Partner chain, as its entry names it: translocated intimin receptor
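This document opens with one chain alone, in structure tokens, the form deposited without the partner chain.
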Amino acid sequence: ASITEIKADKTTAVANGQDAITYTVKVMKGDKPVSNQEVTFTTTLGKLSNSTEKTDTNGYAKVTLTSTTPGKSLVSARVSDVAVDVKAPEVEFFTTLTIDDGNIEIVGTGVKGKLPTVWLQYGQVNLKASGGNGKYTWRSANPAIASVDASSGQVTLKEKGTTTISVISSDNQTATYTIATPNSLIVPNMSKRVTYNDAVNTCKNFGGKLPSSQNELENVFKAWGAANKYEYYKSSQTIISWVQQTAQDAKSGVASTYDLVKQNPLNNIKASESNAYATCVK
């Protein structure tokens, strides 16, 4: 005789044409349920499992809704032989939450691509998510390896290892990106310039080695750009760093350097003086 209940098990769903919202109506005649009553449903958006359904011996009728496009959806039901629709609670479908992992942005240069496999320690990249209701919250499974700003999606690489960065949207979805273990980690020691020999020892104590050449650090700049574009090194106007001596450099007491801020590869720098910073490669 009349629909006295019209519920939806959830008010949000993914527009993948599979995530379904189930609507349940109850037909009653006073304190008595109406069994085998035909109910017809209609929607303003999406696909209904069936346009018509018959109630149970308990007066209940059920149907599901899915959608391939995002947007608000309004389902209505009516007692078959009567032309008076009853509106159900409004629901919303949202695009699949995704992390644009092929366009990870290098914060210092704006270059977009895959995550570099050579990491300037504390280098930063921006991860972009899309889909869901647009309200994102980020997290890292292991902040020791890499941390992420919960609101911006900006990641800071810290130590060699593999972890995952996840983003969740408030419509209740989750997307994740896995950070692969890097081949090398670059660690500039900015507290003081040191002699070449002191740089050698510092790298050894850090369990690493001096850059093998200007080429090794040039590739670092190639991937990250000027180091002082990153929060951690913003106070440095120069990160001139020692590179391993060639046989000839050793013989003459000099070494070459490469500057992670200014590039500027130099040679014939007196090694016994504190002419550069110790940058370790781990």
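Numbering follows the first chain given and starts at 1.
This protein has a second form, the form solved in complex with the partner chain, left out of what is shown; the following refers to that one.
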Have a look at 65-73, 219-227, 52-60, 253-261 and name the one stretch with heavy atoms inside 4.5 Å of the partner chain in the entry with it bound. 253-261
Have a look at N36, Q248, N215, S235 for me and say which one sits with a heavy atom within 4.5 Å of the partner chain in the entry with it bound. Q248
Give me the residue from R193, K209, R139, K128 that has a heavy atom within 4.5 Å of the partner chain in the entry with it bound. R193
Answer yes if any heavy atom of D9 is within 4.5 Å of a heavy atom of the partner chain in the entry with it bound; otherwise answer no. no
Would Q18 show up as a contact with the partner chain in the entry with it bound if we use heavy atoms at 4.5 Å? no
Does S2 reach the partner chain in the entry with it bound if we count a contact as any heavy atom within 4.5 Å? no
For the stretch 262-280, return the residues whose heavy atoms include at least one within 4.5 Å of the partner chain in the entry with it bound, in the order they occur. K262, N264, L266, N267, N268, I269, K270, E273, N275
